[PDB]
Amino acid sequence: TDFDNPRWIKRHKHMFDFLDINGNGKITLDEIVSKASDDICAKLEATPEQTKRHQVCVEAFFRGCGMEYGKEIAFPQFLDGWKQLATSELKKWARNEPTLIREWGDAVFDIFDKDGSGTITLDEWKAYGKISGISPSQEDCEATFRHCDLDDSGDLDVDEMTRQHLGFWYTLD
C-alpha cells in the first residue's frame, strides 16, 4: 500500500548485500540465520533455550518472504516476496491477531532483560553494538537511548524496544 514507495528500494538493496555472505548476488536462508540470529545470540550470551526461540521466529519471518534452506534467490524476487508478506501481515494486525514481528519482538526482549525486571535500562541496551557492529562515542549512545524512550519513563517497554530494534522491516519513518 505504501510498500511500493520507491524510498524502500535503496534501503533493501544495502541490507540484502550485507546478508549475502559469499557475495554471489543471491541469498539463502542459511546466510540469513547466520547474520541475523547466530551472531546476536552469541554476542549477548543467551542460553540455548533462548537462542532456539529466537531462531524459530527468524525462520518464520523469512519463510513468509519466500526463503528456504539451500535455495538461492536474487534481489527482484526477494523484494516481491517481502511486499506480499507485509500486505498480509497488515491485515492480521487489523483483525486483532498476533503478528510475526510481535512474536520476534518478545524473543529479543527476553534476551536483553538480564535481571527479571520487565523493562530495558541503559546498561542492558548498551550490551549489543548493532548489526553494523562499530561503536560510536559514549555520548551519541546515551542520546540515541533518550530518543527511543518515547514517553520519559526512564526505560523501554516492548512496543518501544520493538520499534527501534525491528522497525526496519515494517516502517519507513
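Note that residue numbering follows the sequence shown and begins at 1.
Engineer: On average, are the C-alpha B-factors higher in 62-70 or in 130-138?
Structural biologist: If you average the C-alpha B-factors of 62-70 and of 130-138, the larger mean comes out for 130-138.
Engineer: Can you tell me which stretch has the higher mean Cα B-factor, 117-125 or 43-51?
Structural biologist: The deposited B-factors put 117-125 ahead on the C-alpha mean.
Engineer: Going by the deposited entry, which of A36, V56, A143, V108 has the highest CA temperature factor?
Structural biologist: When the deposited C-alpha B-factors of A36, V56, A143, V108 are compared, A143 is largest.
Engineer: Sorting the chain's modelled residues by C-alpha B-factor, tell me whether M15 ends up in the lowest, middle or highest third.
Structural biologist: Lowest third of the chain for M15's C-alpha B-factor.
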